[PDB]
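Chemist: Sharing coords.txt (compact mmCIF, C-alpha atoms and all ligand atoms) below.
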```txt
# COMPACT_ATOMS: atom_id res chain seq x y z
CA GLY A 21 -13.70 -7.39 6.51
CA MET A 22 -10.73 -6.15 4.50
CA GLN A 23 -7.10 -7.23 4.37
CA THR A 24 -4.04 -5.26 3.34
CA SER A 25 -0.65 -6.57 2.30
CA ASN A 26 2.54 -5.46 0.62
CA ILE A 27 3.34 -7.75 -2.27
CA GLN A 28 6.40 -7.82 -4.51
CA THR A 29 5.53 -6.91 -8.09
CA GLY A 30 8.71 -6.90 -10.12
CA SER A 31 11.27 -4.37 -8.91
CA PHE A 32 9.04 -2.73 -6.29
CA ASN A 33 6.34 -3.52 -3.72
CA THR A 34 2.62 -3.02 -4.32
CA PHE A 35 0.30 -2.03 -1.48
CA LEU A 36 -2.81 -4.16 -1.89
CA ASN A 37 -6.33 -4.00 -0.50
CA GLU A 38 -8.39 -7.21 -0.68
CA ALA A 39 -11.90 -8.30 0.28
CA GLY A 40 -14.07 -11.35 -0.38
CA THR A 41 -10.93 -13.48 -0.49
CA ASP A 42 -12.99 -16.67 -0.19
CA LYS A 43 -14.89 -15.96 -3.43
CA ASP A 44 -14.17 -17.82 -6.68
CA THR A 45 -14.34 -14.98 -9.21
CA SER A 46 -12.16 -11.88 -8.87
CA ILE A 47 -12.40 -8.18 -9.74
CA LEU A 48 -9.27 -6.01 -10.04
CA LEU A 49 -10.11 -2.35 -9.38
CA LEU A 50 -7.77 0.35 -10.69
CA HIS A 51 -8.04 3.87 -9.25
CA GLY A 52 -7.71 7.29 -10.93
CA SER A 53 -5.06 10.01 -10.97
CA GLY A 54 -6.19 12.80 -8.68
CA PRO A 55 -3.27 14.17 -6.67
CA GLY A 56 -2.84 11.94 -3.63
CA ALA A 57 -4.96 9.26 -5.28
CA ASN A 58 -4.86 5.72 -3.88
CA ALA A 59 -6.96 2.54 -3.99
CA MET A 60 -9.10 3.14 -0.93
CA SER A 61 -9.97 6.79 -1.69
CA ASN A 62 -11.53 5.54 -4.92
CA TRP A 63 -12.93 2.16 -3.96
CA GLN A 64 -13.84 2.23 -0.25
CA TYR A 65 -17.56 2.15 -1.08
CA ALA A 66 -17.44 -0.36 -3.92
CA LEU A 67 -15.25 -2.91 -2.12
CA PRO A 68 -17.61 -3.98 0.70
CA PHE A 69 -20.51 -4.17 -1.73
CA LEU A 70 -18.75 -6.20 -4.42
CA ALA A 71 -17.03 -8.41 -1.84
CA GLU A 72 -20.40 -10.01 -0.96
CA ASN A 73 -20.00 -11.99 -4.19
CA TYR A 74 -16.55 -11.26 -5.63
CA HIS A 75 -12.90 -11.47 -4.63
CA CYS A 76 -11.81 -7.84 -4.87
CA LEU A 77 -8.22 -6.71 -5.39
CA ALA A 78 -7.57 -2.94 -5.24
CA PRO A 79 -3.90 -1.99 -5.38
CA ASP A 80 -2.24 1.39 -5.07
CA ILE A 81 -1.05 1.88 -8.64
CA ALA A 82 2.71 2.32 -9.05
CA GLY A 83 3.84 5.82 -8.12
CA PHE A 84 0.70 6.41 -6.04
CA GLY A 85 0.06 5.90 -2.34
CA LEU A 86 2.15 3.12 -0.80
CA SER A 87 3.24 1.63 -4.13
CA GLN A 88 6.21 3.89 -4.78
CA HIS A 89 8.33 2.79 -7.73
CA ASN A 90 11.96 1.94 -7.08
CA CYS A 91 13.34 3.93 -10.04
CA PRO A 92 10.59 6.23 -11.32
CA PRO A 93 11.05 7.21 -14.97
CA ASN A 94 9.74 10.34 -16.65
CA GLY A 95 7.15 10.34 -19.43
CA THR A 96 3.61 9.01 -19.43
CA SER A 97 4.24 6.26 -21.99
CA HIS A 98 6.86 4.71 -19.69
CA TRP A 99 4.53 4.82 -16.71
CA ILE A 100 1.84 3.06 -18.73
CA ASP A 101 4.36 0.25 -19.39
CA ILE A 102 5.00 0.06 -15.63
CA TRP A 103 1.27 0.18 -14.74
CA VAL A 104 0.43 -2.64 -17.17
CA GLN A 105 3.26 -4.90 -15.96
CA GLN A 106 2.38 -4.13 -12.33
CA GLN A 107 -1.10 -5.63 -12.73
CA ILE A 108 0.22 -8.72 -14.51
CA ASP A 109 2.85 -9.15 -11.78
CA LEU A 110 0.08 -8.76 -9.17
CA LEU A 111 -2.18 -11.39 -10.77
CA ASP A 112 0.79 -13.75 -11.11
CA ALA A 113 1.70 -13.18 -7.44
CA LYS A 114 -1.87 -14.05 -6.39
CA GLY A 115 -2.10 -17.08 -8.69
CA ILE A 116 -5.06 -15.55 -10.53
CA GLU A 117 -5.25 -16.60 -14.18
CA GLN A 118 -8.25 -14.49 -15.22
CA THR A 119 -10.01 -11.56 -13.55
CA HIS A 120 -12.80 -9.06 -14.11
CA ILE A 121 -11.51 -5.48 -14.11
CA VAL A 122 -12.76 -1.98 -13.25
CA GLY A 123 -10.82 1.16 -14.10
CA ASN A 124 -11.29 4.85 -13.31
CA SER A 125 -9.71 7.49 -15.56
CA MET A 126 -6.00 6.72 -15.60
CA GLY A 127 -6.85 3.27 -14.25
CA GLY A 128 -9.34 2.86 -17.09
CA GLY A 129 -6.56 3.72 -19.51
CA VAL A 130 -4.34 1.10 -17.90
CA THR A 131 -7.29 -1.30 -18.22
CA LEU A 132 -7.53 -0.65 -21.96
CA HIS A 133 -3.81 -1.30 -22.41
CA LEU A 134 -4.09 -4.45 -20.29
CA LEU A 135 -6.88 -5.81 -22.51
CA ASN A 136 -4.80 -4.98 -25.59
CA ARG A 137 -1.51 -6.42 -24.37
CA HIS A 138 -2.66 -9.33 -22.18
CA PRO A 139 -6.21 -10.16 -23.30
CA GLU A 140 -6.12 -13.73 -21.95
CA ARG A 141 -5.84 -12.51 -18.35
CA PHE A 142 -9.17 -10.67 -18.35
CA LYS A 143 -12.87 -11.51 -18.44
CA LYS A 144 -15.28 -8.56 -18.29
CA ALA A 145 -14.28 -4.90 -18.00
CA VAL A 146 -15.97 -1.82 -16.56
CA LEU A 147 -14.53 1.60 -17.36
CA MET A 148 -15.46 4.78 -15.48
CA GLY A 149 -14.56 8.05 -17.16
CA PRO A 150 -11.55 6.42 -18.80
CA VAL A 151 -8.62 8.02 -20.59
CA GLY A 152 -7.72 6.26 -23.84
CA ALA A 153 -9.61 8.38 -26.37
CA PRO A 154 -8.11 11.48 -28.02
CA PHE A 155 -9.16 14.87 -26.58
CA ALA A 156 -7.78 18.35 -25.96
CA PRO A 157 -6.80 19.06 -22.35
CA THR A 158 -9.71 20.06 -20.11
CA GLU A 159 -9.49 22.66 -17.34
CA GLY A 160 -9.96 19.85 -14.83
CA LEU A 161 -7.35 17.44 -16.12
CA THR A 162 -4.85 20.26 -16.54
CA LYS A 163 -5.30 21.48 -12.97
CA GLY A 164 -5.12 17.89 -11.73
CA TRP A 165 -2.09 16.55 -13.61
CA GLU A 166 -0.22 19.85 -13.24
CA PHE A 167 -1.26 20.47 -9.61
CA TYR A 168 2.31 20.52 -8.32
CA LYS A 169 3.20 23.58 -10.41
CA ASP A 170 1.21 25.51 -7.79
CA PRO A 171 0.27 23.21 -4.88
CA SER A 172 -1.89 24.38 -1.96
CA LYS A 173 -4.82 23.31 0.23
CA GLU A 174 -6.99 25.67 -1.78
CA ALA A 175 -5.99 24.15 -5.12
CA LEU A 176 -6.56 20.64 -3.75
CA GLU A 177 -9.97 21.65 -2.34
CA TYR A 178 -10.93 23.00 -5.77
CA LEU A 179 -9.99 19.72 -7.45
CA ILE A 180 -11.78 17.54 -4.92
CA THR A 181 -14.86 19.76 -5.29
CA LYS A 182 -14.77 19.55 -9.11
CA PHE A 183 -14.68 15.74 -9.09
CA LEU A 184 -18.32 15.87 -7.99
CA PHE A 185 -21.35 17.54 -9.56
CA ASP A 186 -22.82 18.05 -6.07
CA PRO A 187 -19.88 18.53 -3.67
CA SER A 188 -22.19 18.33 -0.60
CA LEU A 189 -22.33 14.54 -1.12
CA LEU A 190 -18.79 14.56 0.26
CA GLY A 191 -19.78 15.86 3.68
CA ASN A 192 -20.54 19.11 5.43
CA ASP A 193 -16.93 20.38 5.29
CA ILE A 194 -14.76 20.06 2.18
CA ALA A 195 -12.15 22.49 3.50
CA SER A 196 -11.55 20.12 6.43
CA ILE A 197 -11.30 17.18 4.03
CA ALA A 198 -8.76 19.05 1.90
CA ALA A 199 -6.84 20.02 5.05
CA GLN A 200 -6.45 16.37 6.08
CA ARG A 201 -5.77 15.15 2.54
CA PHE A 202 -3.14 17.86 1.95
CA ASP A 203 -0.35 16.60 4.25
CA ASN A 204 -0.28 13.29 2.36
CA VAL A 205 -0.24 15.09 -1.01
CA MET A 206 2.87 17.11 -0.13
CA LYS A 207 5.11 14.24 1.00
CA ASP A 208 8.10 13.64 -1.28
CA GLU A 209 6.93 10.01 -1.20
CA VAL A 210 3.82 11.16 -3.12
CA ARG A 211 4.77 14.30 -5.03
CA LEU A 212 7.97 13.35 -6.88
CA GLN A 213 6.55 10.35 -8.70
CA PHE A 214 3.27 12.10 -9.67
CA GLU A 215 5.34 14.90 -11.21
CA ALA A 216 7.31 12.30 -13.17
CA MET A 217 4.19 10.58 -14.57
CA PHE A 218 2.96 13.64 -16.41
CA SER A 219 6.26 15.46 -16.92
CA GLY A 220 5.53 15.84 -20.63
CA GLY A 221 2.47 17.91 -19.82
CA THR A 222 -1.27 17.21 -20.04
CA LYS A 223 -1.47 16.87 -23.84
CA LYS A 224 1.41 14.38 -24.05
CA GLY A 225 -0.15 12.47 -21.14
CA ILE A 226 -3.55 12.24 -22.85
CA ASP A 227 -2.04 11.24 -26.20
CA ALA A 228 0.10 8.54 -24.52
CA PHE A 229 -3.05 6.64 -23.43
CA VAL A 230 -4.70 6.61 -26.86
CA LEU A 231 -4.91 3.22 -28.57
CA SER A 232 -5.23 2.99 -32.36
CA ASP A 233 -8.53 2.08 -33.98
CA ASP A 234 -7.17 -1.37 -34.88
CA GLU A 235 -6.13 -1.96 -31.25
CA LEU A 236 -9.53 -0.85 -29.96
CA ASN A 237 -11.38 -2.86 -32.63
CA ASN A 238 -9.50 -5.94 -31.47
CA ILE A 239 -10.34 -5.61 -27.79
CA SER A 240 -12.92 -8.41 -27.70
CA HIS A 241 -13.85 -8.36 -24.00
CA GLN A 242 -17.43 -7.81 -22.89
CA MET A 243 -17.30 -4.27 -21.55
CA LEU A 244 -19.34 -1.60 -19.82
CA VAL A 245 -18.17 2.00 -20.25
CA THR A 246 -19.66 4.33 -17.64
CA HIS A 247 -19.30 8.10 -17.73
CA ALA A 248 -20.61 11.19 -16.00
CA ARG A 249 -22.49 13.52 -18.33
CA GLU A 250 -20.98 16.56 -16.58
CA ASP A 251 -17.45 15.12 -16.17
CA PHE A 252 -15.13 18.12 -15.65
CA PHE A 253 -11.93 16.11 -16.30
CA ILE A 254 -12.57 13.58 -19.09
CA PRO A 255 -14.99 14.74 -21.82
CA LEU A 256 -18.15 12.67 -22.31
CA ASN A 257 -17.20 12.43 -26.00
CA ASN A 258 -14.45 9.96 -24.97
CA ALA A 259 -16.96 7.46 -23.89
CA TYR A 260 -18.77 7.83 -27.20
CA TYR A 261 -15.44 7.46 -29.04
CA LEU A 262 -14.59 4.26 -27.20
CA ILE A 263 -17.95 2.56 -27.68
CA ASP A 264 -17.84 3.44 -31.41
CA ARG A 265 -14.63 1.40 -31.68
CA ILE A 266 -14.72 -1.41 -29.10
CA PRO A 267 -16.97 -4.19 -30.44
CA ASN A 268 -18.53 -5.62 -27.26
CA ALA A 269 -18.82 -2.44 -25.22
CA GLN A 270 -22.11 -1.14 -23.80
CA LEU A 271 -22.41 2.43 -22.54
CA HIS A 272 -24.07 3.99 -19.50
CA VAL A 273 -24.10 7.74 -18.86
CA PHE A 274 -25.23 9.27 -15.56
CA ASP A 275 -26.84 12.71 -15.41
CA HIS A 276 -26.04 15.28 -12.72
CA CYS A 277 -22.77 13.54 -12.09
CA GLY A 278 -19.12 14.39 -11.72
CA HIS A 279 -16.04 12.42 -12.70
CA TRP A 280 -16.19 10.32 -9.51
CA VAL A 281 -19.33 8.40 -10.56
CA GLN A 282 -18.63 5.78 -7.88
CA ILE A 283 -18.78 8.39 -5.10
CA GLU A 284 -21.56 10.61 -6.48
CA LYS A 285 -23.87 7.71 -7.34
CA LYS A 286 -22.59 5.03 -4.96
CA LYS A 287 -25.68 2.81 -5.01
CA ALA A 288 -26.35 3.17 -8.73
CA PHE A 289 -22.74 2.62 -9.77
CA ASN A 290 -22.19 -0.28 -7.35
CA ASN A 291 -25.33 -2.02 -8.52
CA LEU A 292 -24.75 -1.38 -12.26
CA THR A 293 -21.20 -2.71 -11.94
CA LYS A 294 -22.17 -5.77 -9.91
CA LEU A 295 -25.13 -6.67 -12.12
CA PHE A 296 -22.92 -6.31 -15.20
CA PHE A 297 -20.37 -8.78 -13.80
CA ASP A 298 -23.28 -10.97 -12.67
CA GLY A 299 -24.39 -11.28 -16.30
CA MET A 300 -27.65 -9.36 -16.02
CA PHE A 301 -26.88 -7.35 -19.14
CA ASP A 302 -25.51 -10.20 -21.24
CA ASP A 303 -26.70 -10.89 -24.77
CL CL A 401 -8.66 9.65 -8.18
CL CL A 402 -8.11 11.52 -12.76
NA NA A 403 0.20 -11.95 -21.69
```
Taking this structure as input, can you express it in the form of structure tokens?
Modeler:
Amino acid sequence: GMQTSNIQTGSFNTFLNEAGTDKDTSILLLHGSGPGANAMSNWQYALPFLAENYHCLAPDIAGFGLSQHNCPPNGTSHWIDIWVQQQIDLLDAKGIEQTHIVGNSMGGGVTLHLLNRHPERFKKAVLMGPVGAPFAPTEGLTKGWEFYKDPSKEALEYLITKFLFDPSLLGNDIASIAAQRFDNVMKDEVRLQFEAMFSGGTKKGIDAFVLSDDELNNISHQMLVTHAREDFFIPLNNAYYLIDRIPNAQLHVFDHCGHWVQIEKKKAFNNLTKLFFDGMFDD
């Protein structure tokens, strides 16, 4: 019920997950920036659900998973340029003129820059704990983006655990999950490019995603910003900041919830997202 492909997007190949390929309206889903992050780790629950009615495209974002960049630069601002062009190159490669879009954290930041730079290519947007607002580094985002200063199974287990408000939702054994996720995290084909993305440090990485008030004011897309009240990585105040500045943005905040809203509250998030794209919360 799901297809994968490797598709040329500019100077490198993008690993792509797709579902609902027979559907007329598409959703592009952009994952977050946990160490070892990829499309499926973020979206494996949302994809089958949304694919009942939507054509879903969920790529590994450049530098992550199986979308290694051919000449990785250093500096977050330069990776944002790459991440934006990657999605445009993907849509062009699939012959898709306009798409709905969902973005988690880093992917939500990329979403904001996509709406700013290429507004004609996008319909509705859902953000989930997005970067893009100004904030001081959190304990979570620091330990995440600077993981490779001191990498270990234990450090990765801690991160994975902190992405959820109730870690037991993950399964009965998080140590085992960290153990199996760790080998992938330590490959040079995963580590080197992650280090390059946030080489300027957490503060420079956060600041790099921030759009100006004028830019945000001029994002005209119908939008839903979702956020976990207890998000340990991106402060809830970011969501409030964004909805204060983006004209057509609604807000939804989930209680007893960690950064990974889509994993902690699978049914609620999946339904809220789908019904938003369906038009249930239109004016
Ligand atoms: Cl992630
Ligand atoms: Cl993240
Ligand atoms: Na454009």
Chemist: Taking into account only C-alpha atoms, which residue in the set A:29, A:293, A:119, A:106 is nearest to residue 139 of chain A?
Modeler: A:119
Chemist: What separation in Å, quoted to one decimal, exists between atom CA of residue 65 of chain A and atom CA of residue 296 of chain A?
Modeler: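 These two atoms are separated by 17.3 Å.
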Chemist: Taking into account all atoms listed in the file, which residue in the set A:31, A:97, A:107, A:192 is nearest to residue 49 of chain A?
Modeler: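 Result for the nearest residue to residue 49 of chain A: A:107.
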Chemist: Return as a Markdown table the residues of chain A lying at most 12 Å from ligand NA 403 (chain A), together with the closest atom-to-atom pair for each and the distance in Å to one decimal, counting all atoms listed in the file, with rows in chain order and ascending residue number.
Modeler:
```
| residue | atom | partner | partner_atom | distance |
| --- | --- | --- | --- | --- |
| A:104 | CA | A:NA403 | NA | 10.4 |
| A:105 | CA | A:NA403 | NA | 9.6 |
| A:107 | CA | A:NA403 | NA | 11.0 |
| A:108 | CA | A:NA403 | NA | 7.9 |
| A:109 | CA | A:NA403 | NA | 10.6 |
| A:111 | CA | A:NA403 | NA | 11.2 |
| A:112 | CA | A:NA403 | NA | 10.7 |
| A:117 | CA | A:NA403 | NA | 10.4 |
| A:118 | CA | A:NA403 | NA | 10.9 |
| A:133 | CA | A:NA403 | NA | 11.4 |
| A:134 | CA | A:NA403 | NA | 8.8 |
| A:135 | CA | A:NA403 | NA | 9.4 |
| A:136 | CA | A:NA403 | NA | 9.4 |
| A:137 | CA | A:NA403 | NA | 6.4 |
| A:138 | CA | A:NA403 | NA | 3.9 |
| A:139 | CA | A:NA403 | NA | 6.8 |
| A:140 | CA | A:NA403 | NA | 6.6 |
| A:141 | CA | A:NA403 | NA | 6.9 |
| A:142 | CA | A:NA403 | NA | 10.0 |
```
Chemist: I'd like to know which of A:299, A:30, A:255, A:187 is closest to ligand CL 402 (chain A), using only C-alpha atoms and all ligand atoms.
Modeler: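 Result for the nearest residue to ligand CL 402 (chain A): A:255.
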Chemist: State, in Å with one decimal place, the distance from atom CA of residue 48 of chain A to atom CA of residue 77 of chain A.
Modeler: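 Atom-to-atom, atom CA of residue 48 of chain A and atom CA of residue 77 of chain A are spaced 4.8 Å apart.
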Chemist: Using only C-alpha atoms and all ligand atoms, which protein or nucleic acid residues are at most 10 Å from ligand CL 402 (chain A), as a list in words?
Modeler: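 Final answer, ordered by chain and number: residues 51, 52, 53, 54, 55, 57, 124, 125, 126, 127, 128, 149, 150, 151, 160, 161, 164, 165, 179, 183, 253, 254, 279 and 280 of chain A.
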Chemist: Compare A:85, A:225, A:56, A:267 by their minimum atom-to-atom distance to residue 157 of chain A, counting only C-alpha atoms, and give me the closest one.
Modeler: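 Selected residue with least distance to residue 157 of chain A: A:225.
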Chemist: Taking into account all atoms listed in the file, which residue in the set A:244, A:145, A:91, A:184 is nearest to ligand CL 401 (chain A)?
Modeler: A:184
Chemist: Point out the residue among A:154, A:129, A:278, A:79 with the least atom-to-atom distance to residue 96 of chain A, counting all atoms listed in the file.
Modeler: A:129
Chemist: Using only C-alpha atoms, find all polymer residues with an atom at most 7 Å away from the point (8.6, 7.6, -11.6); report them as a ChimeraX atom specification.
Modeler: /A:83,89,91-94,213,216-217
Chemist: To box segment 201-205 of chain A, take all atoms listed in the file, fit an axis-aligned box, add 5 Å on each side, and give centre and edge lengths in Å to one decimal, as JSON.
Modeler:
```
{"center_x": -3.0, "center_y": 15.6, "center_z": 1.6, "size_x": 15.5, "size_y": 14.6, "size_z": 15.3}
```
Chemist: Using only C-alpha atoms, which residues sit within 8 Å of residue 282 of chain A once same-chain residues fewer than 2 positions away are excluded, as a ChimeraX atom specification?
Modeler: /A:62-63,65-66,280,284-286,289-290
Chemist: Residues as selected, C-alpha atoms, written as a PDB file, in the coordinates of the input, can you do that?
Modeler:
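The file below, part_38.pdb, is the result:
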```
ATOM      1  CA  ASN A  62     -11.530   5.540  -4.920  1.00  0.00           C
ATOM      2  CA  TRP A  63     -12.930   2.160  -3.960  1.00  0.00           C
ATOM      3  CA  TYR A  65     -17.560   2.150  -1.080  1.00  0.00           C
ATOM      4  CA  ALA A  66     -17.440  -0.360  -3.920  1.00  0.00           C
ATOM      5  CA  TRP A 280     -16.190  10.320  -9.510  1.00  0.00           C
ATOM      6  CA  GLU A 284     -21.560  10.610  -6.480  1.00  0.00           C
ATOM      7  CA  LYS A 285     -23.870   7.710  -7.340  1.00  0.00           C
ATOM      8  CA  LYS A 286     -22.590   5.030  -4.960  1.00  0.00           C
ATOM      9  CA  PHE A 289     -22.740   2.620  -9.770  1.00  0.00           C
ATOM     10  CA  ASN A 290     -22.190  -0.280  -7.350  1.00  0.00           C
TER      11      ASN A 290
END
```
